[PDB]
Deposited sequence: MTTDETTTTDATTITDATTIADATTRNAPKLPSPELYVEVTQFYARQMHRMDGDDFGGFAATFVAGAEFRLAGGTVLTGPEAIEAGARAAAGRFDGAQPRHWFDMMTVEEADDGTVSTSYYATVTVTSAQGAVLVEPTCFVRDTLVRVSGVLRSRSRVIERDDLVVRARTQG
């Protein structure tokens, strides 16, 4: 079932704002986009406190360089109970002080979003890393 244009637009804006916070080191604001008990599976982090700690930790890998998350090829579907399911491609570019760019291994991501007080929030995120999948075959 195709999503309504309003839902599709709302989803694009949710992800843009969520990733701007994560990439901008607003780890608490990033985690606040998740509901209590949200499941983030890379190993699972459950709930915003754990998700905030993980984003802070994973950001350590960038040192002082600047990450940017890139999403594309995103499916969006609304269930009758209002839950939104997405699947998409994601990567992170990492730009150094000298202008070098590293492109991280791509991921295939599956999300569920829920509406809380009229606004979308992340309920579940499951990340499949393409290098690990390749390695496993």
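J.: May I ask you to mark the stretches of the deposited sequence that the structure leaves without C-alpha coordinates?
T.: According to the record, the gaps fall at 1-29, 72-74, 170-172.
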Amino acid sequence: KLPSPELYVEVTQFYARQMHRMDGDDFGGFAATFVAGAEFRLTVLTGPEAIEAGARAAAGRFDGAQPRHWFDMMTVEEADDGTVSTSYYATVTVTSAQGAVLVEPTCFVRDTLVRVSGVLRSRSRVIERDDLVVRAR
From here on, numbers count along this sequence of modelled residues.
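J.: Out of 84-92 and 44-52, which one has CA B-factors that are higher on average in the deposited record?
T.: So the stretch with the higher mean C-alpha B-factor is 44-52.
J.: Highest mean C-alpha temperature factor of the two stretches 71-79 and 30-38, which is it?
T.: Per the PDB entry, the higher value belongs to 30-38.
J.: Looking at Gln18, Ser117, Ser122, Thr12, which one carries the largest C-alpha B-factor according to the PDB entry?
T.: Answer for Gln18, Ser117, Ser122, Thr12: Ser117, with the highest C-alpha B-factor.
J.: Comparing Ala97 with the other modelled residues of its chain, is its CA B-factor in the lowest, middle or highest third?
T.: Highest third.
J.: Test of reading the entry: by CA B factor among the chain's modelled residues, which third contains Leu2?
T.: Answer is middle: the recorded C-alpha B-factor places it there.
J.: Would you mind ranking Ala59 by its C-alpha B-factor against the rest of the chain and naming the third, lowest, middle or highest?
T.: For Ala59, whose C-alpha B-factor we compare with every modelled residue in the chain, the answer is the highest third.
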